[PDB]
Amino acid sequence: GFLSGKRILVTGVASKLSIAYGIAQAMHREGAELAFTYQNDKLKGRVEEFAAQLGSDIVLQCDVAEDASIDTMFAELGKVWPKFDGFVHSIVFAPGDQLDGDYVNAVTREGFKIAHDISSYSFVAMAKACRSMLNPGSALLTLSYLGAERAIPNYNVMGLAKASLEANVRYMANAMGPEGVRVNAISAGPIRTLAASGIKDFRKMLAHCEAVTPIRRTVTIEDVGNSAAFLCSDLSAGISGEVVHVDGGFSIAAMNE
């Protein structure tokens, strides 16, 4: 595949319906050697299995809320991959009481701090911890959403965190580019992942988008996965600090209702 010879670390894989899994599947299909991380011991076994099916036995624990955990994970990784070619950041979180109802009413200093720390800072925290391990030609990738660019009901503070995240992509790309590292993000359209399928009316939402999306269907973890593979491969050597919309063209249209 177009990722042959590349070693990529993938986070956020906590289910087969997750975007990180879709991305892993595609990179593996393209010949990349993978390594996975898991948030806590509770997901340890379950993740070692997903990894097994992708030709990998490299499964490390890492809570991005702790600088120590990040440093330890990369140290462990260094034992097998003293050098690798980038990672996929598919991590996000905000307390549940933050993502529902009026934004100004729901947001709190704490909810805000956590959302930005876990959803945005973690991306650069990981980069700092493995910077010396990256090979020239490496590529970092994170996942965003239209909420970073527009006010969307219920997304609330996650919208600010994602806006921070996209800016992070640009500052990271600008700082790491000179050493041969690219940094990009994919703003994905709504997908029914394990986590996503948990929020109320997500079924009806996907239905709404299909009707107003140019390609007339919601994107799949397969679609996102293929674009991710591309963005982490040398085929995208000319792209960096970019937020690629993989939402079927939904954001570039208006009032198709």
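A residue's number is simply how far along the shown sequence it sits, counting from 1.
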Pick between 42-50 and 215-223: the one whose mean CA B-factor in the entry is higher.
42-50
Higher avg CA temperature factor (141-149 vs 90-98, as deposited) belongs to 90-98
By the CA temperature factor listed in this entry, which of these ranks top: 231, 194, 188, 64?
194
Among the candidates 109, 116, 170, 79, give the one with the maximum CA B-factor reported in the record.
79
Which third, lowest, middle or highest, does the C-alpha temperature factor of residue 240 belong to within its own chain?
lowest
Here the Cα B-factor of residue 253, set against its chain, lands in the third termed middle
